[PDB]
Ligand SMILES: Cc1cc2nc3c(=O)[nH]c(=O)nc-3n(C[C@H](O)[C@H](O)[C@H](O)COP(=O)(O)O)c2cc1C
Ligand code: SF4
Ligand code: SF4
Ligand code: SF4
Ligand code: SF4
Ligand code: FES
Ligand code: FES
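Chains as they are written, first to last, in the deposited numbering: chain 7, 3 to 129; chain 1, 2 to 438; chain 2, 3 to 180; chain 3, 1 to 54, 73 to 142, 148 to 261; chain 9, 62 to 122.
This is the structure we're talking about:
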């Protein structure tokens with residue numbers, strides 16, 4: 003499917019949010035990894051709009067409180083994930099065309115996300 | 002009747018229940034007023050430890066968890082007094098799916114269990130017992146804490162007993178769920194308050210275990226069945242089923258079957274008898290039956306299958322085993338893929354991560370195959386893959402969780418293959434189940 | 003936390019052999035879990051200090067199990083079974099409805115703050131499938147749109163499930179059809 | 001002394017020594033990731049699998083870093099079933115290992131890396152060559168994470184041997200690392216900060232993958248290029 | 062890879078704000094000695110991101 007395109011565009015969305023919330027609170031933004039399928043590309047033409055496979059929001063102490071990973075080109079169940087560490091909470095965004103980025107069937111929106119971030123932050127952070 | 006006692010006939014007498022469903026039966030005094038605690042008094046004032054072993058070793062009792070190890074032998078490994086402690090751990094975290102026999106034993110007739118642990122305790126010279134009750138069972142955990150205070154107050158579960166010199170006590174330790182904690186070695190860590198992962202196997206707890214001192218673990222059924230044995234003789238026990246398949250067992254059933262529940266049937270009984278005579282036939286014809294536990298692998302609905310006994314000696318040979326007697330019936334409305342999908346998303350959840358083969362292999366590789374097949378993004382390749390994955394997992398785990406997760410998917414590709422190949426090869430997702438009321 | 007609760011400490015520490023000290027982690031946690039509804043760092047640091055063991059161990063033990071929590075819960079922590087049997091009675095579809103009514107999925111809290119949701123695996127009461135467990139208060143056997151909506155409507159109106167009742171019939175240890 | 005025959009060669013072996021050593025002693029070889037010298041085996045990485053005879075083989079492959087030794091024992095590490103099971107395990111471990119060799123500062127000296135090239139032989148005369156049979160998204164977690172002024176911690180890389188945790192528990196007696204969740208989700212992490220102990224750093228050599236690295240020497244040369252000069256530490260009298 | 066020891070690469074730790082290499086690690090010093098070199102091209106084949114790629118200029122002296 004063309005889901006691919008929307009998925010990546012949604013991944014841009016997640017990133018966009020992460021910079022604003024991050025700068026707002028003074029909590030860090032951090033790139034973790036960049037795609038193998040970018041680093042090791044060198045003659046297969048690149049098409050994607052970002053280079054970042056994994057990224058996180060970190061607290062004052064320096065442990066992450068939120069991890070954010072997209073699936074790259076290779077994948078067979080392409081998804082974007084969130085994970086709160088230590089909490090055993092794992093969220094799976096699929097895309098449903100036009101509906102949005104959904105966690106199952108619930109739309110994942112900015113407001114949703116800010117709340118998710120805050121409950122993470124307030125609970126897990128030590129700083 | 003007679004020494005091959007199968008089915009309902011007038012000479013089989015219920016004993017493991019006859020009090021459940023009648024609320025207000027968890028009083029010490031209700032139990033006492035049935036003539037209870039005589040049998041404890043008798044063994045304590047009469048027999049030696051050796052005799053209460055030797056009797057049971059004949060009786061036909063054998064492991065009643067998701068294992069079958071003839072219980073005589075299991076006590077035979079005890080050191081029989083050196084000055085070292087001994088502890089009897091009642092494993093009431095039976096939380097393997099499809100299984101719920103143990104739940105009510107704890108809830109309505111606790112003082113029975115407790116008596117059984119007094120009996121067993123005395124035999125292996127153990128002085129303290131932990132009952133590791135499943136954490137989410139709230140009712141059971143109340144009733145057990147309750148029972149143990151009562152029994153202790155009136156002093157039959159005390160620091161000295163009768164005119165005797167055996168002494169015994171119990172503690173409840175309410176768990177926190179988690180299937181893997183059920184495994185016998187896992188439990189000893191779990192209880193000890195470390196993280197729950199199994200231990201190595203060259204010490205057996207009998208020969209050295211829990212905090213250095215030798216431990217014994219027995220199952221809720223196993224313990225409950227000790228009282229009838231000790232009461233009425235080994236002979237009274239031995240009549241039930243074929244030999245090496247003695248005793249009754251608390252069979253349970255679910256699915257779209259007419260009257261599911263616990264049906265206390267003798268062993269060696271046919272499925273046919275259970276599903277029809279007792280459980281009032283099905284509601285939709287069957288695609289497969291997973292007989293006992295969730296460990297065992299499905300058997301297609303067959304006449305020759307229905308007519309096979311329930312034992313550790315007839316289901317053995319049929320490429321299954323008997324888990325907890327908790328049968329599940331699978332109707333043919335839904336897809337086998339969608340059944341196993343749910344089953345192996347469960348097993349994958351509950352691994353412990355200690356082994357590579359089962360950490361990475363099952364909970365990361367295998368499961369995703371299922372996903373692939375059952376989303377219609379599948380292909381023939383994936384089933385070919387899966388097939389080859391199985392001998393690479395079975396062998397190589399460190400504890401038996403893996404083997405319980407592979408067998409269902411092992412058995413299921415021989416018999417129901419067609420469907421798997423269908424949904425994958427044709428790029429067709431599973432249909433949805435349609436049975437929510 | 004257990005500073006006021008010192009009888010409770012004597013009570014749980016007494017049960018074990020003195021050399022088996024580490025056992026206490028499970029109950030000590032379990033007290034914090036029921037009464038404040040989700041563990042906090044300070045609790046674990048204290049629990050650690052008490053049992054005379056480094057925090058990191060206690061963290062590992064604590065983080066293993068299914069029951070324990072570490073984030074904002076609601077009032078009614080909704081625990082839907084997702085295993086085989088339950089699927090066959092349409093537990094799947096239950097979770098679809100439930101979640102889409104409330105407006106939140108896993109590890110989130112409802113805007114009122116009365117509802118957290120969370121999956122769980124086989125609860126071992128397959129015959130009366132499905133089931134849910136709210137908080138730690140006995141199993142709501144069966145779920146049907148009615149039975150559910152009654153449970154909901156009560157909780158929403160300021161009454162628990164231990165103090166109200168539902169339509170239907172769910173038996174003692176046998177029950178009927180599916 | 002107990003008489004063991006591995007494949008076709010015999011070894012003496014003082015009674016009660018793990019099979020693994022008797023294998024290596026005989027000159028045949030097995031891979032192994034979880035059991036380092038002067039640390040107890042808790043056979044867990046599932047690599048050291050052999051088949052054993054006592073003549074009759076056995077229905078399951080024993081992990082040689084665990085079971086004892088006995089009379090006239092045969093231990094086999096050439097057979098079709100052995101190599102096959104190993105091929106399996108190599109692949110399984112590698113399932114979630116993130117790609118990083120060129121920038122991995124564990125360089126040409128990585129137990130995972132080398133084991134792969136040693137044992138991972140599928141079936142491939149004149150066929151297509153085959154590489155990794157995984158084809159779903161990997162684990163992804165944080166990495167490059169300082170635990171202390173001397174130790175940086177990746178958390179993606181790790182293969183979940185027990186070596187580092189095991190060490191901390193047995194040897195300096197201070198626990199400061201221990202596993203977190205469970206199933207596939209599990210990851211090593213801290214809950215004490217700075218790693219207090221004068222002996223924290225040793226795990227860096229101990230980790231047989233590149234998960235645990237020496238921050239003072241993070242990015243200052245690739246592992247092999249160094250000239251490796253044996254000498255003695257004189258900053259104390261030990 | 063080289064059989065002349067002609068390529069010396071001192072690595073360095075990437076700025077996070079102005080990365081000069083896509084990966085987390087880069088080459089603060091990259092030197093190549095022509096007067097040693099033999100022009101095998103094993104370097105390029107060995108390089109996994111194919112960064113070093115033999116040229117067309119050759120009028121060097
Ligand atoms: C992976 C695994 C999980 C197990 N889980 C349980 C359990 O949840 N409950 C239980 O009573 N026994 C369980 N057992 C078996 C018991 O630990 C023990 O071996 C058995 O119950 C002893 O026989 P008896 O209980 O019939 O006396 C498990 C065994 C294995 C290998
Ligand atoms: S087989 Fe699984 S659940 Fe069992 S010890 Fe190994 S990783 Fe743990
Ligand atoms: S970081 Fe290394 S030593 Fe620690 S468990 Fe992992 S692979 Fe083993
Ligand atoms: S730890 Fe080893 S196998 Fe992993 S990226 Fe590093 S050099 Fe490679
Ligand atoms: S072509 Fe490259 S590998 Fe060959 S000598 Fe030159 S610098 Fe070395
Ligand atoms: S499958 Fe739900 S209670 Fe068993
Ligand atoms: S070295 Fe044997 S299982 Fe790890």
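A virtual CB, placed ideally from N, CA and C, is assigned to each residue, including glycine.
Collapsing the DSSP output to three states places residue 432 (chain 1) in coil.
C-alpha of residue 73 (chain 1) to C-alpha of residue 123 (chain 7): approximately 56 Å in a straight line. Beta-bridge analysis with DSSP links residue 117 (chain 2) to 78 (chain 2). Beta-carbon to beta-carbon, residue 384 (chain 1) and residue 425 (chain 1) are separated by about 6 Å, close enough to satisfy the 8 Å threshold. Neighbours of residue 92 (chain 9) across chain 3, judged by C-beta separation under 9 Å, do not exist; the nearest C-beta is about 14 Å away. Taking a C-beta cut-off of 7 Å against chain 3, the contacting residues of the stretch 34-65 of chain 2 are 56, 57, 58, 59, 61, 62 and 65, listed in chain order. Taking 8 Å as the threshold, the shortest C-beta distance from residue 188 (chain 3) to chain 7 does not fall below it.
When distances are taken from the beta-carbon of residue 131 (chain 2) to the heavy atoms of ligand 6, the shortest one is below 7 Å.
Interface residue (Cβ-Cβ distance to chain 3 less than 8 Å): residue 356 (chain 1) is classified as such. Screening all residues for a C-beta within a distance smaller than 5 Å of any heavy atom in ligand 6 leaves 83 (chain 2), 85 (chain 2), 87 (chain 2), 88 (chain 2), 124 (chain 2), 125 (chain 2), 127 (chain 2) and 128 (chain 2), in chain order. When distances are taken from the beta-carbon of residue 35 (chain 3) to the heavy atoms of ligand 7, the shortest one is below 7 Å. Rounded to whole angstroms, the Cβ separation of residue 107 (chain 3) and residue 161 (chain 3) is 18 Å, and the two are not in contact under 8 Å. If you look at residue 135 (chain 2), you'll find it isn't in any alpha helix (DSSP H); it sits in the beta strand (DSSP E) that goes 133-136. Cβ-Cβ distances below 7 Å link residue 88 (chain 2) to 131 and 132 in the same chain, with the five nearest sequence neighbours on each side left out; the list follows chain order. As the crow flies, the alpha-carbon of residue 43 (chain 1) is around 20 Å from that of residue 59 (chain 1). Between the stretch 106-116 of chain 2 and the stretch 233-247 of chain 1, the count of C-beta pairs closer than 8 Å stays below three; the two stretches do not touch. A Cβ-Cβ separation of about 6 Å places residue 51 (chain 3) in contact with residue 97 (chain 3) under the 8 Å criterion. Relative to ligand 5, residue 98 (chain 9) has its C-beta within less than 7 Å of a heavy atom.
The stretch 187-202 of chain 3 and the stretch 213-224 of chain 3 touch, with no fewer than 3 CB-CB distances between them shorter than 8 Å. Here the residues close to ligand 2, judged by CB distance below 6 Å to any of its heavy atoms, are 181 (chain 1), 199 (chain 1), 352 (chain 1), 353 (chain 1), 354 (chain 1), 355 (chain 1), 356 (chain 1), 359 (chain 1), 360 (chain 1), 398 (chain 1), 399 (chain 1), 400 (chain 1), 402 (chain 1) and 403 (chain 1) in chain order. According to the DSSP assignment, residue 411 (chain 1) belongs to no beta strand (DSSP E) but to the alpha helix (DSSP H) extending over 402-416. In the DSSP assignment, residue 83 (chain 7) falls within the unbroken beta strand (DSSP E) covering 82-86. C-alpha of residue 435 (chain 1) to C-alpha of residue 93 (chain 2): approximately 10 Å in a straight line. Sorting 339 (chain 1), 355 (chain 1), 418 (chain 1) and 359 (chain 1) by C-alpha distance to the C-alpha of residue 433 (chain 1) places 339 (chain 1) at the top. Taking C-beta separations shorter than 7 Å and ignoring five residues to either side along the sequence, the partners of residue 274 (chain 1) in its chain run 8, following chain order.
Any Cβ of chain 2 closer than 8 Å to the Cβ of residue 205 (chain 3) would place that residue at the interface, and such an atom is present. With a cutoff of 8 Å on beta-carbon distance, residue 81 (chain 7) and residue 73 (chain 7) are scored as near each other. An exposed status is given to residue 401 (chain 1), since fewer than 16 other beta-carbon atoms sit within 10 Å of its beta-carbon. Beyond the five residues adjoining it in sequence on each side, residue 50 (chain 2) comes within less than 6 Å, by CB distance, of 57 and 60 in the same chain, given in chain order. Within the same chain, and ignoring the five residues on either side of residue 78 (chain 2) in sequence, the residues whose Cβ sits closer than 7 Å to its Cβ are 116, 117, 136, 137 and 157. Collapsing the DSSP output to three states places residue 204 (chain 1) in coil. According to the DSSP assignment, residue 31 (chain 7) belongs to the beta strand (DSSP E) that extends over 30-36. For the set 114 (chain 1), 156 (chain 1) and 258 (chain 1), the Cα lying nearest the Cα of residue 145 (chain 1) is the one of 114 (chain 1). Per DSSP, the continuous alpha helix (DSSP H) segment holding residue 158 (chain 2) begins and ends at 147-158.
Between residue 127 (chain 7) and residue 67 (chain 7), the C-beta gap is smaller than 8 Å, which places the two residues in contact.
Residue 69 (chain 1) and residue 63 (chain 1) have their C-alpha atoms roughly 6 Å apart.
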